[PDB]
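A short reminder: the numbers here are calculations on the coordinates, not readings from a lab. So basically every Cβ, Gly included, is an ideal-geometry build from the backbone, and we count neighbours across all protein chains shown.
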Amino acid sequence: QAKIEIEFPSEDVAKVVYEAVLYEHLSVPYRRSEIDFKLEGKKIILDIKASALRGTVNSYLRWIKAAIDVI
Amino acid sequence: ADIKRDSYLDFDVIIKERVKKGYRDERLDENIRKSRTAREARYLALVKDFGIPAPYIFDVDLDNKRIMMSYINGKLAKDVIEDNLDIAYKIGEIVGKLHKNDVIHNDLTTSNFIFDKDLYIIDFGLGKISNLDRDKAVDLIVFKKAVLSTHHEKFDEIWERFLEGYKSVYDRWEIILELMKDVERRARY
Amino acid sequence: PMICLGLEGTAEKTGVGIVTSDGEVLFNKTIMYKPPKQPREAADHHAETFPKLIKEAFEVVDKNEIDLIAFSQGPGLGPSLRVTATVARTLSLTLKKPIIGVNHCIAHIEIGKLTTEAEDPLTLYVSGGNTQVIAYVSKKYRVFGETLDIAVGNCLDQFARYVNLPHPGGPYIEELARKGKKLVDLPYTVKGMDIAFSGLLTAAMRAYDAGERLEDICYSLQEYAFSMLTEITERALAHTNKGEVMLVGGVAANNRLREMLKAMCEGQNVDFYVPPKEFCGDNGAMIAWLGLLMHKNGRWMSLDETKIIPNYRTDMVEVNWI
Amino acid sequence: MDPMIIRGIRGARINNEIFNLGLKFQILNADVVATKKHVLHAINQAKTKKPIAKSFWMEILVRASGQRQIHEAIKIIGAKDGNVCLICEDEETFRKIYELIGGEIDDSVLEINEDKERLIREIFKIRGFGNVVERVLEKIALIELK
RNA sequence: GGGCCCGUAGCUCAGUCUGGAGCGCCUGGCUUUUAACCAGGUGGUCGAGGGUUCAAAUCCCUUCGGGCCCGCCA
């Protein structure tokens, strides 16, 4: 049970990352752990509830980092 | 080769040989062709003892990698299964007999079954002996891929009647069917 | 002329490329993930490499120039496919250009056809974890023969790991086999169209453990495995009645395999081809070309339809570029 | 230009002295020889294959019996009292062998009838279905396999 | 017909001198899952009979099958 908040300079990039990552989020047939992936203004919030939790948080840190760096 | 148009003792026979495939190493080619001829003769002979109709064996030659075998009028299972759908059932029986008696035929295709009067298993080249259901399951998988690649349009009925025959002859069929899913699992995720 | 940017993250070889429809590749780059001790991943390498490769892509060509983005949505490792998909979606939206998720294997075939002679090929695609023979039958690309446990590349890699040769063990095992003199007795399984390289690999491991000379063991392993591959290629050639075969994939680097296939095709009166080393291995250029070809004929793709497909099949592509 | 002379003789007294007399002959238990083919096949296999026995005219018996072993082949298919099959090459030696062995010429004993087929199957362990002559030729052809 | 050798777990071999482990698959982790990697499980009481031995698969005999050799040829 944890929350990860990420803030970005602009709502434009916030939506960028959110809708480039949400399709991946919903593309997983069976999830590592219970997840929530939501857009709050110019920020993205992830909620985790599970080992599997550590993998999930690392994987999502990586997805978001890649999405950020693509710019 | 396989084309001779000869009659041993007035018996119509075609001597089949394995032309030396030069692309591979000489010694490995020798070993493979020798073992293939040995196993083909072995099992084209042995299967008959299971009541599984096949061509005859009349002379082996490991020195020349040749086997002489009674010819059967040209009617291939691959070329008739779409026309006659009962030969798939018949293949079911004459391959479930193999599986029940612990013999593996690792080239299962509708090209390896002639049908003039009954179902002749006219090749057994890659045969083997196994008491493990996994080898039988993989052989069934090979036949499944062959039937798909040839006549997938009728795969439904072909496999349905193949399983009908397999049920009719083989008794522990469900065990190997369940084991098949383990091999079907190779496709990664 | 429309141009596209493709990524490639199905395996350890993070590829990025930009290719045009004129018949040339503007840019291509690949970073092969060096394996650690047997925990980073191909996906980690993709995440920390695709930004850099894309920076070089920007440097060599302006962002607004590229008209389409493609990406290898499958088949391949899950996390790596997902990293390439994430980057593909992000770049698609950022540049306001459409996204396409294309198939790795068919991509290999189309790059082979583009770079090599022009044909409709029987492609023996062999790589680290994707061995199979593919071709165009029933107006689609469909598998014919494949391994059931392990691919040829993974077989060689695991042999190298057992003999402790440093990764990659490809050239090392090739040279040791070249040195070898006698071919140890190893299993030779060709289950119709398929292969089971697990038996060969395990038997070679046991034979080496028994004390048989390393060069002889490597020669045995190589000759047996690549003979099985050549035989399934013969069977597929007979099955499809095609007119030419193509070696494709990373293991295409093995001169012995190449010569074996060449001698085969010479004996059977058929033509053997193979893409240059720049295109054999996984790279972004091939995915770029496949996406460009898909969108050329007018095959759009909703951004929601670009999911990863780990268990992608070469027939699930509605091949419509003929 | 003379194919091996093959004749079935019935009601012939068997004398062990013939073997040590010294001559080129073969005597086969007529109850198991399926037909003329069952011995033409053995002739061809002895002529072509790598010999298993020191003698051509004893390899004939070994092949006709199928079993590689010589003791079993002799004790089983070797000619016994009464009906027998004579494999020979020349008329004068054939005449002498006929005079010594005795019996009457009737090839019908070579042919197969219900009892003969039952005995052939029982003694060759021929399970499964197939033409008798072809299948026994097969069982005799499978010698060249470990 | 005879002599020598072989037979142990689902697979492969030590253990026969003189009285089990590996592989396979399963389970948890390893970045859920694997490509690989690490840990626990699953596994015979040893071809069969007889005798010896407190104590044998382990020493002797017979047989069951398998491999090597000896052949004595009607």
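Residues in segment A:28-71 that are more than 14 Å from RNA strand E (Cβ to nearest atom), more than 13 Å from the chain's Cα centre (by Cα) and hydrophobic (A, V, I, L, M, F, W, C) were compared, and the one that is nearest to the other protein chains (Cβ to nearest Cβ) is A:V70.
Among the listed residues C:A118, C:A57, C:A85, C:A42, which satisfies the condition of being within 10 Å of another protein chain (Cβ to nearest Cβ) and among the small types (G, A, S)?
On the way: C:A118 fails: within 10 Å of another protein chain (Cβ to nearest Cβ); C:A57 fails: within 10 Å of another protein chain (Cβ to nearest Cβ); C:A42 fails: within 10 Å of another protein chain (Cβ to nearest Cβ).
Checking each option against the conditions leaves just C:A85.
Under the condition of being in a helix (DSSP H, G or I) and either surrounded by 15 or more Cβ atoms within 10 Å (Cβ to Cβ) or within 14 Å of chain B (Cβ to nearest Cβ) (or both), the residues counted in segment C:163-208 number 18.
For segment C:294-312, name all the residues that are in contact with a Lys or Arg (Cβ under 8 Å, 6 or more places away or on another chain) and surrounded by 15 or more Cβ atoms within 10 Å (Cβ to Cβ). Within segment C:294-312, C:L303, C:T306, C:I308, C:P310 qualify.
Please go through segment D:45-72 and give me each residue that is within 13 Å of D:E144 (Cβ to Cβ), touching a strand residue (DSSP E or B) at 6+ places or on another chain (Cβ under 8 Å) and within 11 Å of RNA strand E (Cβ to nearest atom), ordered by number. Correct list: empty.
Residue-wise test of (1) more than 14 Å from every other protein chain (Cβ to nearest Cβ); (2) surrounded by 14 or more Cβ atoms within 10 Å (Cβ to Cβ); (3) among the aliphatic types (A, V, I, L, M).
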| site | (1), (2), (3) |
| --- | --- |
| D:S65 | yes, yes, no |
| D:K75 | yes, no, no |
| D:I87 | yes, yes, yes |
| D:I105 | yes, no, yes |
| D:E144 | no, yes, no |
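A residue that is out of contact with any strand residue (DSSP E or B) (no Cβ under 6 Å at 6 or more places or on another chain) and within 12 Å of RNA strand E (Cβ to nearest atom) occurs nowhere in segment C:168-182. Considering every residue within segment C:37-50, establish whether at least one is more than 16 Å from RNA strand E (Cβ to nearest atom) and over 18 Å from C:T306 (Cβ atoms). No; the residues of segment C:37-50 include none that is more than 16 Å from RNA strand E (Cβ to nearest atom) and over 18 Å from C:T306 (Cβ atoms).
Got a sec? Which helices (runs of 4 or more DSSP H) wholly within segment B:98-189 have at least 2 residues that are among the β-branched types (V, I, T), within 29 Å of C:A151 (Cβ to Cβ) and away from RNA strand E (no atom under 16 Å from the Cβ)? First the steps, then the outcome.
Values: elements: B:133-151, B:155-169, B:173-184.
Correct list: B:133-151.
Each residue in segment C:60-76 was checked for being buried (at least 17 other Cβ atoms within 10 Å of the Cβ), within 13 Å of chain A (Cβ to nearest Cβ) and of a type outside the set (V, I, T), and 3 pass.
Does C:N254 satisfy the condition of being at positive phi and not acidic (D, E)?
Details: at positive phi: no; not acidic (D, E): yes.
Taking the combined requirement at face value, the residue does not satisfy it.
Screening segment C:1-49 for residues that are under 17 Å from the mean Cα position of the chain (by Cα) and acidic (D, E) and picking the one that is surrounded by the most Cβ atoms within 10 Å (Cβ to Cβ) gives C:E8. In this structure, C:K97 qualifies as touching a strand residue (DSSP E or B) at 6+ places or on another chain (Cβ under 8 Å), among the basic types (K, R) and more than 10 Å from every other protein chain (Cβ to nearest Cβ).
To keep it simple, each residue is scored yes or no on (1) touching a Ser or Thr at 6+ places or on another chain (Cβ under 9 Å); (2) assigned to a helix (DSSP H, G or I); (3) at positive phi.
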residue	(1), (2), (3)
C:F226	no, yes, no
C:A238	no, yes, no
C:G267	no, yes, no
C:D282	yes, no, no
C:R299	no, no, no
C:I308	yes, no, no
C:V317	no, no, no
C:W321	no, no, no
